[PDB]
Amino acid sequence: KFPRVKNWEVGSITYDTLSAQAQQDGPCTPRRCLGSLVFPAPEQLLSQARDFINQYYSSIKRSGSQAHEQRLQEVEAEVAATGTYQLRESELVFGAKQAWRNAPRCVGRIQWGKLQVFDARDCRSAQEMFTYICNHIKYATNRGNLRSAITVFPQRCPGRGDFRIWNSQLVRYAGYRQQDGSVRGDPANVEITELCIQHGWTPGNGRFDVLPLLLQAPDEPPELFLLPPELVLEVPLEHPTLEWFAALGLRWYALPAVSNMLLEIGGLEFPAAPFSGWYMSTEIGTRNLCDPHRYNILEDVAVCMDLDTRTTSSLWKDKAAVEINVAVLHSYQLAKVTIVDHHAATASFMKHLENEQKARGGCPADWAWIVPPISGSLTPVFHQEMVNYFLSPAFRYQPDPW
Amino acid sequence: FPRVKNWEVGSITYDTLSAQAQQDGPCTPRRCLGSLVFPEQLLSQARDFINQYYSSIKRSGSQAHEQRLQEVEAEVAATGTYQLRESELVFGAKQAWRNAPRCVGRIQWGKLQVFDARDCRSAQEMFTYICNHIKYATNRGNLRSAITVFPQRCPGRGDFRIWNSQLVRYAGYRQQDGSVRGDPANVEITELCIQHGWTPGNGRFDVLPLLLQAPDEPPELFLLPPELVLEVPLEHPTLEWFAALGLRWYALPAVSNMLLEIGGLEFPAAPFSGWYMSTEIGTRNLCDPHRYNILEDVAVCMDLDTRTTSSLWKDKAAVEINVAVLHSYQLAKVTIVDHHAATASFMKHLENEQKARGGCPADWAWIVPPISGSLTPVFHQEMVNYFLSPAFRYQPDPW
Ligand code: HEM
Ligand code: HEM
Ligand SMILES: Cc1cc(N)nc(COc2cc(CCN(C)C)cc(F)c2F)c1
Ligand SMILES: Cc1cc(N)nc(COc2cc(CCN(C)C)cc(F)c2F)c1
Ligand SMILES: C[C@H](O)[C@H](O)[C@H]1CNc2nc(N)[nH]c(=O)c2N1
Ligand SMILES: C[C@H](O)[C@H](O)[C@H]1CNc2nc(N)[nH]c(=O)c2N1
Ligand SMILES: [Ca+2]
Ligand SMILES: [Ca+2]
Ligand SMILES: [Cl-]
Ligand SMILES: [Cl-]
Ligand SMILES: [Gd]
Ligand SMILES: [Gd]
Ligand SMILES: [Zn+2]
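Numbers given to residues start from 1 along each chain, in the order its sequence is written, and need not follow the entry; residues that have no coordinates are not shown. Labels are handed out in written order, letters beginning with A for the chains and numbers beginning with 1 for the ligands. Note that the side-chain values use all heavy atoms of the structure and ignore hydrogens as well as water.

Its PDB record attributes the structure to X-ray crystallography, giving the resolution as 2.150 Å.

Put into structure tokens, the structure is as follows:
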């Protein structure tokens, strides 16, 4: 049999048949589960390529056609001659969508079919790379009506270095390692900040300074490019009823654009391929502003709210964190920037799981990452058993280039 | 040896104890299933537990050690099973708690009152042992941990089984509109009680009778005297209408349907109890959609905007229900603990166990509280889950 999966809210029971097609192995064994850990050749390339091609031809309802036979024979010939092959434009668009669709830790996959794919495979310098990224930022921001996008730079090939974007996201705020061990800014960005300074950037002293980009073109040190300020839409934060909240000086940016993951399609690897969507408010409200090792504002909000912070049993932390989340959502809706709260987000993911059960017979989901960081059991994904496994195409983590 | 990181702090440790995992869990390299709720060779298991026991008391390979080994050998040669000494039984009971991966309260594991009930026959004796337990553990609101071990399983004989999933359960009555009045979780046991001859109440908080089962007999209904079942009426420190909703819960969480395993012995009835973490009552029992599901009622009462999700009315209402649970238990002087204090104590347990055994089996999904996840330190702690023995285990229903 296949793993039987159960929804404890409704009683319903599914079987995940898709999980049998899992190739690459994860970190668990029958002796011990490591699900909570954040970070866990001509003939193998051929079998990956064959699998991907079969996938494309299934998607377009054409499996076994003449064009399917021929494209498989085409790919086989190019690998035999060059050791690699090239994706057709239509295969790249399909592959980027499949990689998103396959990402077990993404709760926003109800959208996986509405992804704009920018083909940058003919890029040949850091300067051209920057222009592709600004065009992406502009397209995806769209003055606050966010559109999902991905730009795909050239694939890894033997005898030439990779394109890399050094920044983990296109928009990040500086983190200045202060002298008393502290940090002014986003602590998560202290390393990439010190790297920007070392590469010529004149730093500021704010807590919300936008970092420039370090772009690495093949076989060359990274180059610094400053984003034009009019390109980075930002939301100042205010509370619908806590007027002093505005005085806190809080901002976040509109566009979540992950730039450091590797995209893998049919055996081919794209080291630089930034992708963006829109934010779920709990990423900003709970994790980015309340994580103790981030901006860590939970106590200061609670004190201002005049909460009794001397005993945990008053639940001051939970009260302040709710209200920080209200402010984020209210602020994005005020400035007409797309945003979704963790109730709608998780309820649309329940809709995605059910589409996927029908479409494919399963859905890779990492329960610990799909359940939001506040109000977990209040969302319906909490009560949904999930099966976690690796399908390809895929987005994968990769080493820092320095 | 799995590297385990804490992300708020940056500390690394190594779990060397996972190597001692005796049994197998549900996960494989192809797929992780940790989110799933329910995933004469007796000599080998008995020998291992003994080596454990004597190592724990610093008397390994000594005289008493080898004496007990040949003792159990001959006991199973003569009988087919063997008897635990009272001290080993105490030790196994504590170890099985200490090894429970889904329990956040294990900071307490050394302090547990073990009541030996292996000399029990008939359900009326069962019932007497059980009321002594409730009396000892409740202790007028100052709660104390306790377990009562009933006769082990042996060949050719029935088992002792407590049919109720807990010693204290509220009725769930199916209604002609389909819905349930009372606790929907308990609909199945509530008809079993009515079938074996219980007079149904009709409130949302009617305490069920006990369906106790002595070997090779049908179960017998027993009613708990109301003065023994201590209950907390729920009120809110500042929202004066909350009291009128009539919500209540009980004081003693007493699980009565898990099987206890020690040195290859199996105890199908060994009820244990502790005290409650507030979120168990406030969030899961009163607010799960398939339990009392009171969240919208409370939101309406708070005049929140319940027609749009982004007002976070579900979150604001949930917090205030937890606030009322905490305030009501403390006011009535019943032991309770909030999820912040509980998760910080589990962090201390992790450090202590890192030093005592080199690791600690922990099931992240059940350690992290169901509200305010990332607001507690366990959210940022990587965790390894595996099955040591002695253990507590789920087991099929008695029917
Ligand atoms: C359009 C709305 C989207 C929403 C609301 C959304 C939401 C999220 C959230 C909340 C996470 C977990 C983030 C974390 O805590 O680390 C996540 C992870 C992820 N998302 Fe999505 N996302 C969206 C679009 C996209 C797109 C367009 C892609 C790729 C084409 C994508 C790919 C991924 C991947 C690969 C991860 C896993 C990385 C990790 O471990 O954090 N998402 N997403
Ligand atoms: C004394 C304070 C205690 C606290 C605060 C506490 C807390 C908890 C909580 C919150 C859970 C998760 C329950 C759930 O929602 O599924 C749990 C599970 C568990 N606890 Fe504890 N507990 C305590 C005492 C005990 C004792 C005395 C024992 C046995 C001697 C024990 C053994 C277990 C076991 C076996 C589980 C697993 C049950 C399951 O899978 O749900 N606990 N505990
Ligand atoms: C496209 C997109 C949309 C969206 N709404 N959210 C995301 C979040 O994606 C990531 C976020 C982090 C930050 C780590 N987190 C603990 C704060 C690390 C990653 F590797 C990610 F892929 C991506
Ligand atoms: C001794 C003790 C103390 C304590 N504070 N909490 C517990 C909770 O124990 C269990 C709870 C559930 C219900 C799981 N969820 C529906 C709430 C199922 C089980 F099998 C359990 F053992 C036990
Ligand atoms: C240790 C733990 O696995 C880790 O903190 C995970 C848990 N779940 C998460 N879930 C999301 N969405 N994002 C995260 O960063 C994490 N962190
Ligand atoms: C599907 C998921 O495994 C299931 O809902 C689990 C998750 N975490 C939990 N955590 C606790 N404390 N209690 C539970 O019942 C559960 N249920
Ligand atoms: Ca070609
Ligand atoms: Ca009818
Ligand atoms: Cl982010
Ligand atoms: Cl309970
Ligand atoms: Gd105000
Ligand atoms: Gd009113
Ligand atoms: Zn696992």
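Continuing now.
Engineer: What's the story with the packing of helix α6 (residues 281-290) of chain A against helix α8 (residues 316-334) of chain A in this structure? I'm lost.
Structural biologist: When two helices pack together, their arrangement is given by the angle between the helix axes and by the axis-to-axis distance. Residues and elements named next belong to chain A. Where α6 contacts α8, the two axes come as close as 9 Å, and the packing angle between them is 130 degrees. Between α6 and α8, the angle falls in the class oblique. Judged by the sense of rotation from one axis to the other, the crossing of α6 with α8 is right-handed. Every residue of α8 that contacts α6 at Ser281, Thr282, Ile284, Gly285, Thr286, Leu289 and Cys290 is listed here: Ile324, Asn325, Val328, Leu329 and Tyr332. Residues are grouped as follows: nonpolar covers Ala, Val, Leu, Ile, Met, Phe, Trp, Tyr, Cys and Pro; charged covers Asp, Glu, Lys and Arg; every other residue, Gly included, is treated as polar. When its residues are assigned to classes, the contact of α6 with α8 shows seven nonpolar, five polar and no charged. Orientation is described by axes fitted as lines to C-alpha atoms, over the contacting stretch for helices, and by angles from 0 to 180 degrees between their N-to-C directions. Helix numbers and strand numbers start at the N terminus; a helix is a DSSP run of H or I with at least 4 residues, a strand a run of E with at least 2. These descriptions rest on fixed angle ranges, namely under 35 degrees for roughly parallel, over 145 for roughly antiparallel, 65 to 115 for roughly perpendicular, and the rest for oblique. Handedness of a crossing is defined here by the sense of rotation of the near helix relative to the far one, left-handed for an anticlockwise turn of less than a right angle and right-handed for a clockwise turn. When checking whether two residues touch, look at their non-hydrogen atoms; a contact exists if any pair is within 4.5 Å.

Engineer: Quick question: what am I supposed to make of the coordination of the calcium ion (ligand 8) here?
Structural biologist: Tetrahedral coordination by four donors places them ideally at 109.5 degrees to one another around the metal; octahedral coordination by six donors ideally gives 90 or 180 degrees. Donor criterion used throughout: N, O or S atom within 2.8 Å of the metal, extended to 3.2 Å for Na, K and Ca. Water excluded; incomplete-looking sites may result. Looking at the metal site, the calcium ion (ligand 8) is ligated by B:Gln176 (OE1) and B:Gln176 (NE2), spaced 2.3 to 2.9 Å from it. Summarising the element assignment, B:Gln176 is placed in the loop between β6 (172-174) and β7 (180-182).

Engineer: What's the story with the site of ligand 4 in this structure? I'm lost.
Structural biologist: Residue and element names in this part refer to chain B. Taken together, the neighbourhood of ligand 4 is formed by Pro253, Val255, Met258, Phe272, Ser273, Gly274, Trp275, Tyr276, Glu280 and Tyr394. N or O atoms closer than or at 3.5 Å make up a polar contact, with two conditions inside protein: a donor-capable atom paired with an acceptor-capable one, and, for residues adjacent in sequence, both atoms drawn from side chains. One of the backbone N or O atoms of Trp275 is found 2.7 Å from a nitrogen atom in ligand 4. At 2.7 Å, a side-chain N or O of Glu280 approaches a nitrogen atom of ligand 4. A cutoff of 4 Å decides nearness: a residue is near a molecule or strand if any of its heavy atoms lies inside that distance of it.

Engineer: What should I look at first to understand helix α3 (residues 89-101) of chain A in this one?
Structural biologist: Note that an α-helix has 3.6 residues per turn; residues three or four places apart therefore point the same way. Here, expected helix span is obtained from the residue count minus one, scaled by 1.5 Å. If you check α3(A), its first and last C-alpha atoms are 19 Å apart, about what 13 residues at 1.5 Å a residue would give, namely 18 Å. Throughout this description, buried means an accessible area under 20% of the type-specific maximum (1.4 Å probe, protein chains only), exposed means over 50%, and partly exposed covers the range between. Within the sequence span of α3(A), burial applies to A:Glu91, A:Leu92, A:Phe94, A:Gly95, A:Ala96, A:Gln98, A:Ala99, A:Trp100 and A:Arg101.

Engineer: I would appreciate a short explanation of the domain arrangement of chain B in the present structure.
Structural biologist: How big an interface is tends to be stated in terms of accessible area lost as the parts join. Residue and element names in this part refer to chain B. What the domain assignment lists for chain B is domain 1 (15-118 + 145-155 + 259-273 + 343-367), domain 2 (119-144 + 159-230 + 394-398) and domain 3 (231-253 + 276-341). Throughout, the edges of the domains are those of an automatic or database domain assignment. Of note, the centres of domain 1 and domain 3, computed from C-alpha atoms alone, are 35 Å apart. Listed per partner, the contact involves six residues of domain 1 and six residues of domain 3. Of the roughly 380 Å² buried between domain 1 and domain 3, counting both surfaces, carbon and sulfur atoms make up 48%. Sorting the residues of domain 1 by area buried against domain 3 places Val104, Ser273 and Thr343 first, and these three jointly supply 77% of that buried surface. By definition, a salt bridge exists where a carboxyl oxygen of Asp or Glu is found within 4 Å of a side-chain nitrogen of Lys or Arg. Where domain 1 packs against domain 3, one counts zero salt bridges. Joining two parts hides part of their accessible area as seen by a 1.4 Å probe, and the buried area is that hidden amount summed over both.

Engineer: Is there a simple way to explain the side chain of B:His65 in this structure?
Structural biologist: Residue and element names in this part refer to chain B. If you trace the backbone, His65 turns up in helix α2 (residues 63-79). On the accessibility criterion, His65 (6% relative accessible area) is buried. For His65, the side chain forms a polar contact with the side chain of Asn51, separated by 3.1 Å. If we skip the residues at most four places from it in the chain, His65 touches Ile50, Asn51, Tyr54, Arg59 and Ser60.

Engineer: Which parts of the structure should I look at to understand unusual backbone geometry?
Structural biologist: With the exception of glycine, the majority of residues adopt a negative phi angle, and the majority of peptide bonds are in the trans configuration. For the bond from A:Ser392 to A:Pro393, the omega torsion is 5 degrees, close enough to zero to count as cis. For A:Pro393, the position within the fold is in the loop between α10 (367-370) and β16 (394-396). Cis peptide bonds are those with omega within 30 degrees of zero, and the linkage from B:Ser389 to B:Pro390 qualifies with 0 degrees. With respect to the secondary-structure elements, B:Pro390 resides in the loop between α10 (364-367) and β18 (391-393). Of note, B:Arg140 is a non-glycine position whose phi angle comes to about 65 degrees, a positive value. The topology assignment puts B:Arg140 in the loop between α4 (123-138) and β4 (146-149). Of the residues examined, B:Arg140 reaches a relative accessible area of 84% and is grouped as exposed. Notably, B:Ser372 is not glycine yet its phi reads approximately 60 degrees, a positive angle. If you trace the backbone, B:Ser372 turns up in the loop between α10 and β18.

Engineer: Can you help me understand the interface of chain A and chain B in this one?
Structural biologist: Across the contact, 61 residues belong to chain A and 61 residues belong to chain B. Of the roughly 5,200 Å² buried at the junction of chain A and chain B (both faces included), carbon and sulfur atoms supply 62%. When the buried area of chain A at its contact with chain B is split by residue, A:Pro30, A:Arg31 and A:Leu378 rank highest and sum to 12% of it. Between the two partners, chain A and chain B, sit one salt bridge. The residue A:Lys319 makes a salt bridge to B:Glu320 at a minimum N-O spacing of 3.8 Å. Listing elements by their share of the side of chain A that touches chain B, those giving two or more residues are α6, α8, α9 (342-359) and α10 of chain A. Class assignment of the residues belonging to the side of chain A that touches chain B gives a composition of 29 nonpolar, 19 polar and 13 charged.

Engineer: Sorry if this is basic, but what is going on with the site of ligand 2 here?
Structural biologist: Residue and element names in this part refer to chain B. Every one of the 16 residues lining ligand 2 counts as a neighbour, but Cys103, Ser273, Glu280, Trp366 and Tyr394 are closest to it. Separating a nitrogen atom of ligand 2 from a side-chain N or O atom of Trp97 is a distance of 3.4 Å. In the model, an oxygen atom of ligand 2 is placed 2.3 Å from a nitrogen or oxygen of the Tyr394 side chain. The residue makeup of the shell around ligand 2, split by class, is 10 nonpolar, four polar and two charged.

Engineer: What exactly am I supposed to notice about the pattern of salt bridges here?
Structural biologist: Pairing is possible between side chains that carry opposite charge, provided their charged atoms lie close to one another. Using the criterion set out here, one finds 38 salt bridges over all chains in the structure. Of the charged contacts in the structure, one is a salt bridge between A:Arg121 and A:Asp119, with a shortest N-O distance of 2.7 Å. On the basis of relative accessible area, A:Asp119 is assigned to the partly exposed category, the value being 30%. Salt-bridge contacts for A:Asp186 lead to A:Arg172; the nearest nitrogen and oxygen are separated by 3.9 Å. Of this pair, A:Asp186 sits in the loop between β7 (183-185) and α5 (190-198) while A:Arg172 sits in the loop between β5 (164-165) and β6 (175-177), placing them 14 residues apart in sequence. As far as burial versus exposure is concerned, A:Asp186 and A:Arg172 are alike and both buried. Beyond isolated ion pairs, a larger network of salt bridges with shared partners links B:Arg68, B:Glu71, B:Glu75, B:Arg85 and B:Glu88.

Engineer: It is not clear to me how the sheet that holds strand β14 (residues 268-270) of chain A should be interpreted in this structure. Could you clarify?
Structural biologist: Within a sheet, each strand pairs with its neighbour through backbone hydrogen bonds, oriented either parallel or antiparallel. Residue and element names in this part refer to chain A. One open sheet accounts for three strands, arranged β14-β13-β16; its pairing is antiparallel. On the outer flanks of this sheet lie β14 and β16, each paired with one strand and no other. On average, each strand axis in the sheet is inclined to that of its neighbour by 30 degrees, with strand direction left out of account. Two strands are said to pair when DSSP picks up at least two bridges between them. As judged from the three bridges shared by strand β13 (residues 262-265) and β14, these two strands associate in the antiparallel manner. Directly across from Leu263, in β14, lies its bridge partner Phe270.

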